[PDB]
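Following: one structure in structure tokens, then a few remarks.
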Amino acid sequence: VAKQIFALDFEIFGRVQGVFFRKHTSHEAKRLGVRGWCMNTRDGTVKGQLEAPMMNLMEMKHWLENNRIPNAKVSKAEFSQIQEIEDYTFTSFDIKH
């Protein structure tokens with residue numbers, strides 16, 4: 001189960017645009033061994049998806065909700081349920097536009 005890959009969706013609210021949030025997110029995902037993507041939304045949020053083994057996944061989720069991201073002020077982080085997936089669908093972690 002420790003080499004199983006799990007997946008979740010996320011959306012982060014607060015002062016999360018105009019503060020390099022996406023670059024920070026990409027850096028932290030990649031250094032935690034988490035794949036996925038994120039984007040700035042028309043709602044003034046950052047949304048995306050993660051894929052990783054459970055341990056790595058939950059570390060990334062912690063970082064997204066712990067509110068110690070430089071220059072960002074996170075008012076809340078929303079997540080989907082966790083699902084197991086057969087294999088990674090993403091090669092890495094990408095910022096979308």
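Within each chain, counting starts at residue 1; across the structure tokens, chains are named A, B, ... in the order shown, with ligands numbered 1 upward in that order.
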Applying 9 Å and only C-alpha atoms, which residues near segment 60-74 of chain A remain after dropping the ones on its own chain fewer than 5 positions away? List them as a compact mmCIF listing (two decimals) with C-alpha atoms, in the first residue's frame.
```txt
# COMPACT_ATOMS: atom_id res chain seq x y z
CA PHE A 10 -7.55 21.02 -4.25
CA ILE A 12 -6.81 27.26 -2.08
CA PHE A 13 -8.49 30.49 -1.02
CA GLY A 14 -7.12 33.75 0.33
CA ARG A 15 -4.30 36.02 -0.76
CA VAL A 16 -3.01 33.41 -3.19
CA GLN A 17 -2.65 35.37 -6.45
CA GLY A 18 0.09 37.86 -7.26
CA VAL A 19 2.42 36.28 -4.74
CA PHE A 20 4.27 33.54 -6.65
CA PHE A 21 1.91 30.98 -5.19
CA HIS A 24 6.01 27.94 -4.63
CA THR A 25 3.49 25.17 -5.07
CA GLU A 28 7.21 22.12 -2.98
CA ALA A 29 5.29 19.44 -4.89
CA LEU A 32 8.04 16.21 -1.95
CA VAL A 34 4.23 14.83 -5.75
CA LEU A 50 -2.08 16.05 -6.94
CA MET A 55 2.79 9.78 2.70
CA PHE A 79 -9.94 19.06 -0.99
```
- Item | Which of chain A fall in helix (DSSP H, G or I), as an MDAnalysis selection string | chainID A and resid 21:32 54:65
Output the selection as an mmCIF file, in the first residue's frame - N, CA, C and O atoms for each residue.
```cif
data_model
loop_
_atom_site.group_PDB
_atom_site.id
_atom_site.type_symbol
_atom_site.label_atom_id
_atom_site.label_comp_id
_atom_site.auth_asym_id
_atom_site.auth_seq_id
_atom_site.Cartn_x
_atom_site.Cartn_y
_atom_site.Cartn_z
ATOM 1 N N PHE A 21 2.471 32.143 -5.832
ATOM 2 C CA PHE A 21 1.910 30.975 -5.188
ATOM 3 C C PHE A 21 2.145 29.747 -6.029
ATOM 4 O O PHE A 21 2.457 28.674 -5.508
ATOM 5 N N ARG A 22 1.948 29.888 -7.332
ATOM 6 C CA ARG A 22 2.049 28.736 -8.221
ATOM 7 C C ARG A 22 3.498 28.208 -8.273
ATOM 8 O O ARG A 22 3.749 27.001 -8.267
ATOM 9 N N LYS A 23 4.448 29.129 -8.300
ATOM 10 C CA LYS A 23 5.846 28.752 -8.329
ATOM 11 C C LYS A 23 6.232 28.067 -7.020
ATOM 12 O O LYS A 23 6.977 27.109 -7.018
ATOM 13 N N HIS A 24 5.754 28.590 -5.900
ATOM 14 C CA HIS A 24 6.011 27.944 -4.635
ATOM 15 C C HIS A 24 5.412 26.543 -4.577
ATOM 16 O O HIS A 24 6.019 25.613 -4.060
ATOM 17 N N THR A 25 4.198 26.420 -5.091
ATOM 18 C CA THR A 25 3.488 25.168 -5.071
ATOM 19 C C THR A 25 4.210 24.138 -5.927
ATOM 20 O O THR A 25 4.404 22.990 -5.517
ATOM 21 N N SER A 26 4.597 24.540 -7.133
ATOM 22 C CA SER A 26 5.326 23.635 -8.002
ATOM 23 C C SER A 26 6.655 23.153 -7.318
ATOM 24 O O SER A 26 7.024 21.977 -7.397
ATOM 25 N N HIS A 27 7.378 24.087 -6.707
ATOM 26 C CA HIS A 27 8.639 23.754 -6.087
ATOM 27 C C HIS A 27 8.406 22.746 -4.977
ATOM 28 O O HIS A 27 9.134 21.763 -4.869
ATOM 29 N N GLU A 28 7.422 22.999 -4.117
ATOM 30 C CA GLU A 28 7.208 22.120 -2.982
ATOM 31 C C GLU A 28 6.680 20.758 -3.410
ATOM 32 O O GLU A 28 7.136 19.739 -2.901
ATOM 33 N N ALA A 29 5.775 20.721 -4.401
ATOM 34 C CA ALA A 29 5.288 19.438 -4.893
ATOM 35 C C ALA A 29 6.466 18.617 -5.392
ATOM 36 O O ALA A 29 6.617 17.432 -5.053
ATOM 37 N N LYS A 30 7.294 19.235 -6.226
ATOM 38 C CA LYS A 30 8.380 18.482 -6.857
ATOM 39 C C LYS A 30 9.379 18.002 -5.824
ATOM 40 O O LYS A 30 9.901 16.890 -5.908
ATOM 41 N N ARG A 31 9.632 18.808 -4.797
ATOM 42 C CA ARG A 31 10.608 18.354 -3.841
ATOM 43 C C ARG A 31 10.041 17.319 -2.817
ATOM 44 O O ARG A 31 10.784 16.449 -2.293
ATOM 45 N N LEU A 32 8.717 17.238 -2.710
ATOM 46 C CA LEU A 32 8.041 16.209 -1.947
ATOM 47 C C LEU A 32 7.712 14.943 -2.791
ATOM 48 O O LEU A 32 7.154 13.983 -2.254
ATOM 49 N N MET A 54 0.664 7.937 -0.595
ATOM 50 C CA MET A 54 -0.072 8.537 0.511
ATOM 51 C C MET A 54 0.799 9.444 1.370
ATOM 52 O O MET A 54 0.361 10.536 1.754
ATOM 53 N N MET A 55 1.963 8.957 1.812
ATOM 54 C CA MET A 55 2.791 9.785 2.703
ATOM 55 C C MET A 55 3.140 11.160 2.109
ATOM 56 O O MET A 55 2.969 12.215 2.759
ATOM 57 N N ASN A 56 3.625 11.138 0.865
ATOM 58 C CA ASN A 56 4.008 12.341 0.127
ATOM 59 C C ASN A 56 2.802 13.238 -0.114
ATOM 60 O O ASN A 56 2.867 14.455 0.051
ATOM 61 N N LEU A 57 1.691 12.613 -0.479
ATOM 62 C CA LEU A 57 0.429 13.312 -0.733
ATOM 63 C C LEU A 57 -0.011 14.105 0.477
ATOM 64 O O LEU A 57 -0.346 15.263 0.378
ATOM 65 N N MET A 58 0.001 13.461 1.634
ATOM 66 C CA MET A 58 -0.473 14.085 2.855
ATOM 67 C C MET A 58 0.520 15.175 3.310
ATOM 68 O O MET A 58 0.100 16.184 3.851
ATOM 69 N N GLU A 59 1.818 15.020 3.055
ATOM 70 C CA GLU A 59 2.769 16.123 3.278
ATOM 71 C C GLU A 59 2.458 17.372 2.457
ATOM 72 O O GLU A 59 2.496 18.506 2.968
ATOM 73 N N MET A 60 2.153 17.160 1.183
ATOM 74 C CA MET A 60 1.769 18.266 0.290
ATOM 75 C C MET A 60 0.471 18.894 0.712
ATOM 76 O O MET A 60 0.345 20.123 0.736
ATOM 77 N N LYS A 61 -0.506 18.052 1.039
ATOM 78 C CA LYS A 61 -1.757 18.576 1.520
ATOM 79 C C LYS A 61 -1.497 19.446 2.780
ATOM 80 O O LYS A 61 -2.083 20.523 2.929
ATOM 81 N N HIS A 62 -0.664 18.974 3.714
ATOM 82 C CA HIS A 62 -0.336 19.771 4.909
ATOM 83 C C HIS A 62 0.228 21.128 4.538
ATOM 84 O O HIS A 62 -0.139 22.146 5.092
ATOM 85 N N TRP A 63 1.146 21.148 3.594
ATOM 86 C CA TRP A 63 1.784 22.387 3.189
ATOM 87 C C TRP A 63 0.758 23.352 2.569
ATOM 88 O O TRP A 63 0.768 24.544 2.845
ATOM 89 N N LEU A 64 -0.173 22.827 1.798
ATOM 90 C CA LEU A 64 -1.198 23.667 1.189
ATOM 91 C C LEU A 64 -2.157 24.250 2.231
ATOM 92 O O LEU A 64 -2.792 25.240 1.969
ATOM 93 N N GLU A 65 -2.333 23.600 3.374
ATOM 94 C CA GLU A 65 -3.309 24.081 4.353
ATOM 95 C C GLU A 65 -2.625 24.690 5.605
ATOM 96 O O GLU A 65 -3.307 25.268 6.434
#
```
- Query: atom CA of residue 52 of chain A to atom CA of residue 38 of chain A: how many Å, to one decimal?
  - Reply: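 The value is 14.9 Å.
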- If you run DSSP on this backbone, which residues of segment 16-54 of chain A come out as strand (DSSP E), and could you give them as a list in words?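 Put together, the selection reads residues 35, 36, 37, 38, 39, 40, 46, 47, 48, 49, 50, 51 and 52 of chain A.
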- Task: Choose the residue, out of A:78, A:84, A:53, A:7, that has the smallest atom-to-atom separation from residue 37 of chain A; count only C-alpha atoms.
- Result: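 Checking each of A:78, A:84, A:53, A:7 against residue 37 of chain A, counting only C-alpha atoms, the winner is A:7.
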- Selection near residue 91 of chain A, 9 Å with only C-alpha atoms, sequence-local residues under 3 positions removed, as an MDAnalysis selection string: chainID A and resid 35:36 88 94
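Coordinates place atom CA of residue 95 of chain A at a distance of 20.8 Å from atom CA of residue 5 of chain A.
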- State, in Å with one decimal place, the distance from atom CA of residue 43 of chain A to atom CA of residue 90 of chain A.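 Value for the atom CA of residue 43 of chain A-atom CA of residue 90 of chain A distance: 24.9 Å.
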- Message: Between A:51, A:97, A:86, A:40, which residue has the minimum interatomic distance to residue 6 of chain A, considering only C-alpha atoms?
- Response: A:51
